[PDB]
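Below you'll find only one chain, the form deposited in one PDB entry, shown as structure tokens.
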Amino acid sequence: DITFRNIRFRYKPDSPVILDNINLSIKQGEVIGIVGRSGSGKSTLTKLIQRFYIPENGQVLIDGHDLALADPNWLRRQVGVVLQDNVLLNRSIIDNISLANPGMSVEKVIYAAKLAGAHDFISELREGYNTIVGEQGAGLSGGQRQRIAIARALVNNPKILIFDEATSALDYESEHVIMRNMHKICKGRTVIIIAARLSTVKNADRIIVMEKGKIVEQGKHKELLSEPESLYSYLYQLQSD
């Protein structure tokens, strides 16, 4: 239901070719992980789903709808993105999470904070969800701030959700609580996970390996780790030692 066909893309006229001839189908409800060297074009692939850019060759389509012709507002509702680092407005946690669904009850915010593994640390705060984050009020850790952002993203309920190195700075136990629920957070919707840390995407239905603007490998963790001279096995071979 997300389709890339013969996609070539560069950022500007004199830019080098970033994506060269990608062909790819991601079906609805599928957890897909994307790995590869720094600069291989992982994010750029992801940016083409958001119509931040028009590709010089080929089409990007969502359930048949070409993103060249699609309505620009309809587009922004389809995709939710959690980057490595996220803003957080200078106000309460409750108000920060509720950006995704204005008019939300406390109960639903609880639910979504539980889902992102944020509820335990929020509750321990003096003022709970009313606590006030941002560049003035009581600061938080990276990981904690990152967990609020993910809760926020979970409430939005996009038909396509992108994690762009979102748990890369999170501890293994905190990442797991989030991912475990992704088996329930992908229910009816696509989950795209760009990861430097291979084990982050260990339970993906499919893992895509990028190298110099193209998909050179694919399969499950096992299917990819069966090939000895594959790039995936080389990456995994490192720092598992």
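If you superpose the two forms and keep the largest set of C-alpha atoms that fall within 1.5 Å, you have the rigid core. All residue numbers are counted from 1 along the displayed sequence.
Stretches 165-173 and 104-112 differ in mean CA B factor, with 104-112 having the higher one. Of the two segments examined, 21-29 and 213-221, it is 213-221 that shows the higher average Cα temperature factor in the deposited entry. Across the residues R206, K42, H183, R197, the deposited record lists the maximum Cα B factor for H183.
Looking only at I94, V81, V133, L154, the residue with the top Cα B factor in the deposited structure is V133.
When the modelled residues of the chain are ordered by their C-alpha B factor, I148 lands in the middle third.
When the modelled residues of the chain are ordered by their C-alpha B factor, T190 lands in the middle third.
Residue-level temperature factors show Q50 in the highest third of its chain, judged at the C-alpha atom. For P72, the recorded CA temperature factor ranks within the middle third of the chain's modelled residues. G142: CA B factor lies in the middle third for its chain, per the PDB record.
Quick note: we don't show the form deposited in another entry, though the next part is all about it.
Residue displacement note: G128 has its CA displaced by at least 2 Å between the shown form and the other one (rigid core superposed). Once you line up the core between the shown form and the other one, the Cα of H119 ends up 2 Å or more from where it was. Fitting the two forms on the rigid core leaves the C-alpha of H176 displaced by at least 2 angstroms between the shown form and the other one.
The pair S168 and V191 separates in that other deposited form: their C-alpha atoms are at least 3 Å more distant from each other than in the form depicted. In that other deposited form, the CA atoms of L224 and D171 sit farther apart than in the displayed form, by at least 3 angstroms.
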